[PDB]
Amino acid sequence: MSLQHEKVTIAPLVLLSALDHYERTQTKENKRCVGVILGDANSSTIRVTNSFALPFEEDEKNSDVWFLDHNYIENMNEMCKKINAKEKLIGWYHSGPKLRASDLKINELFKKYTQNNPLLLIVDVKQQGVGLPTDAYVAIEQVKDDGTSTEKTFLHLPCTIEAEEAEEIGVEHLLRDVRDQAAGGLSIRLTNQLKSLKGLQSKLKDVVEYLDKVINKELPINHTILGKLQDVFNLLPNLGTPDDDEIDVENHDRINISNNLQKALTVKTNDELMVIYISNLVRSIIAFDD
Amino acid sequence: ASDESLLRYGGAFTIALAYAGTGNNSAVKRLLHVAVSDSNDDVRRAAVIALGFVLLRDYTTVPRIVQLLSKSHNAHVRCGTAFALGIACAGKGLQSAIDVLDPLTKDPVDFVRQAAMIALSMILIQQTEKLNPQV
Amino acid sequence: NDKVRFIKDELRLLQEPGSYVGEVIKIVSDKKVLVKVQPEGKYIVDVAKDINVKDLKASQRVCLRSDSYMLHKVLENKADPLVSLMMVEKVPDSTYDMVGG
Amino acid sequence: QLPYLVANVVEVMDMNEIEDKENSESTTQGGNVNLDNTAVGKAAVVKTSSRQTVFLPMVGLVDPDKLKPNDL
Amino acid sequence: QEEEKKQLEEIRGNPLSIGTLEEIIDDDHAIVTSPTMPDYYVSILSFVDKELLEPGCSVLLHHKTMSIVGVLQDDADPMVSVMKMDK
Amino acid sequence: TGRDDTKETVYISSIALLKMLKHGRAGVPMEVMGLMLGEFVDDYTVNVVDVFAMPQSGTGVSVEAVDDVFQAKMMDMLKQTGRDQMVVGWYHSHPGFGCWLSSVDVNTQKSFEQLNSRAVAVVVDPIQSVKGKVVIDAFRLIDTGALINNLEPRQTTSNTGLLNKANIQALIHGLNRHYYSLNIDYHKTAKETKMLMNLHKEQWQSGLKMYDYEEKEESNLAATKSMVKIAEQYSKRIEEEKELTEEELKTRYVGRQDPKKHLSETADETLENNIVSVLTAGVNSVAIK
Amino acid sequence: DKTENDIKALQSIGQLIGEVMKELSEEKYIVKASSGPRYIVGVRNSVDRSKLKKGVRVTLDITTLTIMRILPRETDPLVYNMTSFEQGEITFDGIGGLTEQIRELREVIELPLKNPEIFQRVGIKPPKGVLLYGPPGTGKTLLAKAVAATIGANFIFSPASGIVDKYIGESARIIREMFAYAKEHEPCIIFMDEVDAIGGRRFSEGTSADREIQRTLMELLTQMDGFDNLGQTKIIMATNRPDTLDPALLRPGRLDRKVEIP
Amino acid sequence: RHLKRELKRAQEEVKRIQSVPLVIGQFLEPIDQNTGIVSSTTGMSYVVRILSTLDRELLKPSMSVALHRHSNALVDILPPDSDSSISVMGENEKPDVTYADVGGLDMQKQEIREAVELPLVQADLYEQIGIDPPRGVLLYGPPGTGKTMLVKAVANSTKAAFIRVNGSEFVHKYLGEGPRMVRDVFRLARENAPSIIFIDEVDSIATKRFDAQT
Amino acid sequence: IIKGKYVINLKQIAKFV
Amino acid sequence: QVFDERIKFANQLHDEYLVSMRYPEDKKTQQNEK
Amino acid sequence: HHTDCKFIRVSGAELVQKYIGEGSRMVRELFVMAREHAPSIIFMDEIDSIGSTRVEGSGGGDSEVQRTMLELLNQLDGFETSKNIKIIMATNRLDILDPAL
Ligand SMILES: Nc1ncnc2c1ncn2[C@@H]1O[C@H](COP(=O)(O)OP(=O)(O)OP(=O)(O)O)[C@@H](O)[C@H]1O
Ligand SMILES: Nc1ncnc2c1ncn2[C@@H]1O[C@H](COP(=O)(O)OP(=O)(O)OP(=O)(O)O)[C@@H](O)[C@H]1O
Ligand SMILES: [Mg+2]
Ligand SMILES: [Mg+2]
């Protein structure tokens, strides 16, 4: 098993396919579609190219009770080679809104067939998230230095996408939106600028109330989270630094370029002002002549 | 509100008939905005045709309003323009109405040609050549 | 509107299926033309509406549209064989002032 | 089975056997742990009678000992 | 003229792809080598008179599967220009 | 009356489209193929819900390279997952050539037409789908006899369609002598839209994230210099621009590309670029501390 | 598994080799493919820009035309027959009586090879170039097999006329690429063997063949002397009569010592 | 505002056509501002559309140019720097010869600074005198003399750009390989003006007899 | 002739089984 | 502050270009000269 | 310049030829290019130093081609009415021409 990971890259196909398979098992209300996840690994970047359904039953009475049809998984993999002989198990997807604690026991079963720690890719079917509608975890077993026993736990990794160029234009072809969450002109990136700041608000809210929850409702004092929080402050500026004074000098510089650029545009349009007057001036004569 | 093009395509005409023959700015505003702003070609085409129906009564204002739309070189927009002028000036013809159709018989796209030819004959139904030299 | 909608018309122009440059060796008055295609072989092939065999003639470069090598238009520039001789040689003209004396 | 081009082998050059955490390639790539990033195994460049050359990860049924650097 | 040319153009192009007649075979076929470098073992439609064409003739091959559509008599070389008169 | 055949439009679900592209490009230039699972409802809608790939061969497409043994196993895999419906045809990918059926492909198609008459063949060009257009066209065999009787007009009855011919050359030969091509529409849901449009996790990380300010100074330097050269060129032009005939001025005093226009494009890009960048600096500096 | 390995290779596709001809921007490169024509291509992130230099072999994709990886230098199929020539090897003294010529040969070849440094004191241009000529049957070549074996340095070797092609300047490229290979290789001995028709003069009242001679000859002159001057790769030239050769192949300062073996 | 966002999508469309892959041709001559003739380096001539607001000042002279690989159209241009035969050797590398390691040929030493050294420092010297500057320099002689060496001496000495090509780097290998590489070396020199071109030998290129039989 | 396929040279120069 | 003022002056000059330029254009469509 | 002729400088060369590639078939076609681009001057300047055995061969191999030119010329005053294509020949001395010229 690879115990080295960094990122998860996801093909667009994977997400869409799990939503299709979800409605065709007709799953909802704690019955959640679970299929196998196919792709490349032994790589720090988990590259997920495809996904398929397995025959799976989820009991809603107990989620620690589940059905997985193990025999099917071997047969399906032989047909995966027929398509392309470089797709293997690298985990399993969940279709639910969020992480279950029965998902740790499920993850055990796919270890048997993987040369990499098994991936949990939550494909939402309500399409939440302010980035991608996918969350990503990989199960890691580690000692915890907080005085608590060895856990197997799902630790978060970033989500990214790797899309084939051939496929990507199909996304553009399908999509008739002119894009307001991706770069464009000034106004488009002006939305992108406000959108990012409003994203920071939402993310900043959740930390504050997690900290409240720890010392009154008694959620674990998790040192690893709070350590990254200490580094947020140390990497945070302080007023009266000559670096943040240099920002003032650097503001002057780019604004002045805008100031001259603005003048340049004003000149050019005043050439067209005079042109049109010369066009009206000739067309007085033509009218008068008729 | 429907994300379905076919439901929006009928929506244009639902305005056309609710507000038929009264020149209401609200009815007309929704149609003009959908027409320019949408990416589903059926819906846009429908919306312009709706304009002629709302403004049956004030048929004089129509060529000034819909000259804007014919200018756009999108095929379906142009096609919907043609019928709306057809509809508005059918009973009484206007010179300006006819002109906006004339470079639409010289557009190479044939869907635009079909509409424009029908529209012109809709305006000029039993009009003679000593009554309109363009006949 | 004019600025944005010529671009849409121009995509067709950019997504042409190829051309070629040919030169007309001769016509044949069957309403077809013998074209020695410049990189390629010889093909006798159909004319368009734009041109006709009495407006087509020997030693006139043509444009071909690679849908079947359909003769499209005349090409404004054509080769002159005399310029091959004189250019590759390279020889200016003089007046009688450079013989003076 | 037929048909299939017949070519000559430019060379056998060979990228390292895939058991590494860091690619499998003689010519090492950027990024930390690779195996099937753009790391592929044993390599043969063949030159064709279609007048080009191609770098492939070649079949492992046939050895780099059953490949000479001028074999048909 | 009108009904004869209907079925003349059926088996004619678009490209008419000149060949060089290497050798005839007497079964209504020949081996041509084209100026574009692939050989063809061509048929012969059999209205152009099967044996009226001989090595060194220039042949009209069809845009699809090659049949001798027809045969050109005369192909002006600059080498018989020297002999032939111009005045 | 007999049976009348009429227009259809092949609606390629968003899922189906990505799979054909993925499988087809990856296997190019070797021919790729696979079956289309879907359903026919209506009489104007072929709805392809999913595709899969059948194993590649170095004999490419063949009637016996279809392989029903593999089809049967695959069908049972969908059956156990509750996804089987009806195989609505086959697709195959020509490598870098156009969409047209090969002679061999006609006979591959003739087999599926027996099994279901509404079966299509969908010819894909993957090396041409890296434009801003994806090139895919669809065919469906029509009876040779029907074509003799002039029953190609029959296939366009009861709408004006979006009729257009995207490709000729081999295509229009095969249409004439075999098939009726179909236009292609795409189906997708409102869920699937959101999945497709989303392509970054850095959506909210792109107006707080910034580029190095040395790179910005280099950029302002580059931009201002470029427009300085274009201005000298413009100045040479606008010493006249006052004689009769615009076209004469454009040749003589170069208005080849119009240095007015050229300066406008360049001005506007760097001007817009700087307003975002200053705005990013000022947001972070004030808000964070 | 031996057949499982065959599936994973078969489902992969090939790649097309180029070399980096020229940087255009930083994410776009001009390559000259080995299929021939130059293209403009992009890059995978796995290749670093500063490992992309000009004359470095790259993969491209054959359906996307994008560099995935840097590839080792390409090398001729022909020069792999040439390192498989050293057979016919013999001892240090393997031509009797022409022993005096072996000693004279090693002065030029082996004494600067081990130490170029004894010539620094002396101050001369490093000894490069040898011509051997005699009446056939005196082991000009037998000596070459001895000085390949004894030194144990990288050795090549050339067939007579099997490095003459059917393409003019393709028969130049090959011999160009064995010199490059020989400069990457430590202390390489380069034997040109029985050059008598591949070293002719200007002629060209002959056939078109003599312009193949002439194209291929010009390549030698630039290599010997230009911004390549050899100090560790050595040239030995064997000929059967030394007035078959053009006088830029009889020019010392490309051929410092012209040794006769009688 | 819609027309403005519709501009961004149109320009976007055109950018996909611009982006790689591409093939490299050479621009011959215009016949319009939206039409030109291009020769590909696949050794074929095409009459091709000229994309909007691409150069038409530089484009009209012979110059490298970007063409689409599938569509075959003039979709981008390539500067007169890029698509080199080989880079400059007079501002990157420097020759291994100066005139402190030249001995004799003092008679030719007076002649080489007239031709090489005086037009680099100021080409205007000839013009203000009203004498034409010589064109090309032929160095000739029996092999060994130091002709080649002398080029290196004055190229290291003047310290302006140099180009090391030879006739075996214009040589044919593919179709349209050969004519193109000739054109490429002059366009490089002009951009990085001034510059010195050395083609080491023309004894293979120009031959007093051509068979012209093949 | 390979004893039991053949190696042909096309007139395209391209060699095949 | 100083740069802020200059920009607004430039923008107002655009506005004055807009009201003036297109106003006589309209009149030529209105009058007969075809 | 004054006659309005194309000044075609010929030098007995095969470099200007790259579509016939021998001067013994490039007389008739050379002539016919001059007739098209009439009026014209063929400046056949024989130097008689081309090659290195072709001036002990026949006293100039250029003079061999010149004899072809001049032999045509024996009927050129009547074919379509009146020489336009003057063959202006030139040589270093008139005594180093064979007496058949
Ligand atoms: N000097 C010699 N002593 C022993 N054997 C010799 C000698 N010369 C030649 N032979 C025998 O003849 C064989 C072939 O001769 P070889 O090719 O070495 O001669 P060469 O002098 O280089 O001739 P050429 O000038 O024609 O190439 C040797 O491999 C060897 O068996
Ligand atoms: N006249 C000279 N004085 C001093 N060194 C010289 C002289 N001529 C040539 N050399 C030396 O000879 C070597 C190679 O000279 P190079 O090949 O550059 O030119 P070349 O003599 O014109 O040769 P060729 O005409 O034979 O091709 C150099 O090391 C150079 O210094
Ligand atoms: Mg020997
Ligand atoms: Mg030299």
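Residues numbered from 1 in each chain as written, not as in the entry; some residues may be left out. Chains lettered and ligands numbered in written order. Part of a larger assembly, values for the part shown. Heavy atoms only, no water.

- Method of determination, as given in the entry header: cryo-EM; reported resolution: 6 Å.

## Quick look at the overall build of chain D
So, point 1. For chain D, the count of helices and strands is 0 helices and 3 strands.
So, point 2. Ordered by position from N to C terminus, the α and β elements of chain D give β-β-β.
So, point 3. The C-alpha extent of chain D, read off along each of the three principal axes, is 40 × 25 × 25 Å.
So, point 4. Put simply, chain D has 72 residues, and 44% of those count as buried.
So, point 5. Taking all contacts inside chain D whose residues are at least 6 apart in sequence as the whole, residues at least 24 apart take part in 46%.
So, point 6. Within the structure as shown, chain D displays about 3500 Å² of accessible surface, and the carbon and sulfur contribution to it stands at 53%.
So, point 7. In chain D, 6 side chains carry a positive charge and 11 a negative one; their mean positions are 9 Å apart. (Helix = DSSP H or I, 4+ residues; strand = E, 2+ residues; numbered from the N terminus. Buried < 20%, exposed > 50% of the residue type's maximum accessible area, 1.4 Å probe, protein only. Contact = heavy atoms within 4.5 Å. Areas by Shrake-Rupley, 256 points an atom, 1.4 Å probe, with all protein chains shown as cover. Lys, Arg positive; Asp, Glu negative; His and termini not counted. Charge placed at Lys NZ, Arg CZ, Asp CG, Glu CD.)

## Digging into the interface of chain F and chain G
So, point 1. Each side of the interface is counted separately: chain F has 8 residues, and chain G has 7 residues.
So, point 2. With both sides pooled, the region where chain F packs onto chain G buries about 600 Å², and carbon together with sulfur makes up 48% of that total.
So, point 3. Run the count over chain F and chain G and you get 1 salt bridge.
So, point 4. Ionic pairing is found between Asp61(G) and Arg25(F), a salt bridge with its closest N-O pair at 3.9 Å.
So, point 5. Between the two partners, chain F and chain G, sit 1 residue pair in polar contact.
So, point 6. Of the residues in the side of chain F that touches chain G, the class split is 5 nonpolar, 2 polar and 1 charged. (Buried area = accessible area lost by both parts, 1.4 Å probe. Salt bridge = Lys/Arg side-chain N within 4 Å of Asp/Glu carboxyl O. Polar contact = N/O pair within 3.5 Å; in protein donor to acceptor, adjacent residues only side chain to side chain. Nonpolar A, V, L, I, M, F, W, Y, C, P; charged D, E, K, R; others polar.)

## Quick word on empty space enclosed by the protein
So, point 1. Approximately 140 Å³ is the volume attributed to the largest cavity.
So, point 2. Along its surface, the largest cavity is lined by 14 residues, and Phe31(K), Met69(K), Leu72(K), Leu73(K) and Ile87(K) are the ones closest to its centre.
So, point 3. Of all the elements in the fold, those that place two or more residues in the lining of the largest cavity are α1 (28-36), α2 (62-73) and β3 (85-87) of chain K.
So, point 4. Of the residues contributing to the lining of the largest cavity, the split by class is 10 nonpolar, 1 polar and 3 charged.
So, point 5. As a volume, the second largest cavity reaches approximately 100 Å³.
So, point 6. Along the walls of the second largest cavity sit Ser158(G), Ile175(G), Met178(G), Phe179(G), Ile190(G), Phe191(G), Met192(G), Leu220(G), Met224(G), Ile235(G) and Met237(G), which together make up its complete lining.
So, point 7. Where the lining of the second largest cavity is concerned, the elements lending two or more residues are α7 (171-184), β8 (189-192), α8 (209-224) and β9 (234-238) of chain G.
So, point 8. Grouping the constituent residues of the lining of the second largest cavity by class yields 10 nonpolar, 1 polar and no charged. (1 Å grid on protein atoms, 1.4 Å probe; cavity = no way out; pocket = protein on both sides within 12 Å on 5 of 7 lines; lining within 4 Å. Points joined across faces, edges and corners; volume = space filled by probe spheres on them.)

## Observations concerning the packing of aromatic side chains
So, point 1. Taken as a whole and assessed by the stated rule, the structure comprises 12 aromatic pairs over all chains.
So, point 2. Between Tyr9(B) and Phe13(B), the aromatic rings sit 5.3 Å apart at their centres with planes inclined by 85°, giving edge-to-face as the arrangement. With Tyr9(B) and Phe13(B) both in helix α1 (residues 5-18) and 4 residues apart, the pair spans about one turn of that helix.
So, point 3. Classification of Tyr9(B) by relative accessible area gives partly exposed; the value is 36%.
So, point 4. Relative to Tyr69(C), the ring of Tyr43(C) has its centre 4.9 Å away and its plane inclined at 70°; by these criteria the two rings are edge-to-face. Here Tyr69(C) lies in the loop between β4 (61-65) and β5 (70-74) and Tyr43(C) lies in strand β3 (residues 42-46), a separation of 26 residues in the sequence.
So, point 5. For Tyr43(C), a relative accessible area of 9% translates into the label buried.
So, point 6. Assessed through its relative accessible area of 17%, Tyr69(C) is described here as buried.
So, point 7. We note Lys216(F) situated over the ring of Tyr213(F); from NZ or CZ to the ring centre the distance is 4.7 Å. (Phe/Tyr/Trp six-rings, centres within 6.5 Å; stacked < 30°, edge-to-face > 60°. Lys NZ or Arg CZ within 6 Å of the ring centre and 35° of its normal.)

## A short note on the arrangement of the chains
So, point 1. Among the 24 pairs of chains that make contact, the interface with the largest number of contacts is formed by chains A and F.
So, point 2. As for chain I relative to chain H, no contact occurs, and the smallest C-alpha gap between them is 15 Å.

## Overview of the sheet that holds strand β2 (residues 32-37) of chain C
All names here are of chain C.
So, point 1. Read from one edge to the other, the open sheet built from 5 strands follows the order β3-β2-β1-β4-β5, with strand pairing classed as antiparallel. In this open sheet, the two edge strands, each paired with only one partner strand, are β3 and β5. Going across the sheet, the axis of each strand differs from the next one's by a mean of 50°, ignoring polarity.
So, point 2. Strand direction decides the pairing type here: β2 and β3, joined by 5 bridges, are antiparallel. The residue bridging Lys 32 from the neighbouring strand is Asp 46, located in β3. (Pairing = 2+ DSSP bridges. Axes fitted to C-alpha atoms, helices over the stretch in contact; angles between N-to-C directions.)

## A closer look at the environment of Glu16(C)
So, point 1. Following the sequence through the fold, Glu16(C) ends up in the loop between α1 (2-14) and β1 (21-28).
So, point 2. Separated by 51 residues in sequence, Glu16(C) and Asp67(C) place their C-alpha atoms 9.6 Å apart.
So, point 3. Sequence-distant contacts of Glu16(C), defined by excluding residues within four places in its chain, comprise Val47(H), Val48(H), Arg49(H), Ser71(H) and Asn72(H).

## Considerations on the nonpolar core
So, point 1. Counting 61 residues, the largest nonpolar core has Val8(A), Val48(A), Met20(F), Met36(F), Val48(F) and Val122(F) as the members making the most contacts within it.
So, point 2. A per-element tally of this core places helix α1 (residues 12-24) of chain A first, with 7 residues.
So, point 3. Ignoring any residue separated from it by four or fewer positions in sequence, one finds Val48(F) in contact with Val10(F), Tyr11(F), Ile12(F), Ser13(F), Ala16(F), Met36(F), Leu37(F), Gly38(F) and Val88(F).
So, point 4. Residues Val24(C), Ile51(C), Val53(C) and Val31(G) belong to the second largest nonpolar core, which totals 60 residues. (Core = buried A, V, L, I, M, F, W, Y, C linked by side-chain atoms within 4.5 Å.)

## Thoughts on the site of ligand 1
Residues and elements named next belong to chain G.
So, point 1. Ligand 1 sits among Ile 95, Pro 136, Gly 137, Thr 138, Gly 139, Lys 140, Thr 141, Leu 142, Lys 145, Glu 194 and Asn 240.
So, point 2. In this structure, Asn 240 approaches ligand 1 through a side-chain N or O atom, which is 3.1 Å from an oxygen atom.
So, point 3. Taken together, the residues that form the shell around ligand 1 break down as 3 nonpolar, 5 polar and 3 charged. (Near = heavy atom within 4 Å.)

## Digging into the environment of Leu3(A)
So, point 1. Take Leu3(A): it is sitting in the segment before β1 (7-10).
So, point 2. In this structure the C-alpha to C-alpha distance between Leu3(A) and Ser43(A), which are 40 residues apart in sequence, comes to 9.8 Å.

## Brief notes about the interface of chain A and chain F
So, point 1. At the interface, 85 residues of chain A touch 76 residues of chain F.
So, point 2. Note on chain A versus chain F: buried area summed over both sides is about 7800 Å², and carbon and sulfur give 66% of it.
So, point 3. Among the residues of chain A in contact with chain F, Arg24(A), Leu174(A) and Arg254(A) are the three that bury the most area, contributing 10% of the side total.
So, point 4. At the boundary of chain A and chain F, one finds 4 salt bridges.
So, point 5. Put simply, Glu164(A) and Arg25(F) hold a salt bridge, and the shortest N to O gap is 3.7 Å.

## Quick word on the site of ligand 2
So, point 1. With respect to spatial proximity, the complete set of residues near ligand 2 consists of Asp225(G), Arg251(G), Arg254(G), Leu105(H), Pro143(H), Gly144(H), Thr145(H), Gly146(H), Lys147(H), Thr148(H) and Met149(H).
So, point 2. For ligand 2, a nitrogen atom lies 3.1 Å from a polar atom in the backbone of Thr145(H).
So, point 3. Contacts to ligand 2 include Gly146(H), whose backbone N or O atom sits 3.1 Å from an oxygen atom.
So, point 4. Computed on the free molecule, ligand 2 has an accessible area of 630 Å², of which 72% lies beneath the protein chains in the complex.

## Points about the sheet that holds strand β1 (residues 9-13) of chain F
Residues and elements named next belong to chain F.
So, point 1. Reading around the circumference, β1-β3-β2-β4-β5-β6-β7 is the order of the 7 strands in this closed barrel, with mixed pairing throughout. Each neighbouring strand pair of the sheet contributes to a mean axis angle of 35°, computed without reference to strand direction.
So, point 2. In this structure, β1 lies alongside strand β3 (residues 45-51), joined through 4 bridges in parallel fashion. Each residue of the ladder has a partner; that of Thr 9, found in β3, is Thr 45.
So, point 3. Of the strands in this sheet, β2 (32-41), β4 (86-93), β5 (120-125) and β6 (135-141) touch helix α3 (residues 103-115), which is tilted by about 175° from β4.

## Details of helix α7 (residues 213-237) of chain F
So, point 1. Taking 1.5 Å as the rise per residue, α7(F) with 25 residues should run 36 Å; its terminal C-alpha atoms sit 36 Å apart, in good agreement.
So, point 2. Inspection of α7(F) places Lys216(F), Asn220(F), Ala223(F), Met227(F), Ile230(F), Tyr234(F) and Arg237(F) among the buried residues, and these make up the whole buried set. (Expected span 1.5 Å × (residues − 1).)

## Focus: the pairing of strand β3 (residues 53-57) of chain D
Residues and elements named next belong to chain D.
So, point 1. The buried count for β3 comes to 4 of 5 residues, which makes it a mostly enclosed element.
So, point 2. The pairing of strand β2 (residues 43-47) with β3 spans 5 bridges and is antiparallel. Across the sheet, the residue bridging to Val 45 is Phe 55, located in β3.
So, point 3. The antiparallel hairpin formed by β2 and β3 contains 5 residues in its connecting segment, where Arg 51 sits at a positive phi of about 70°.

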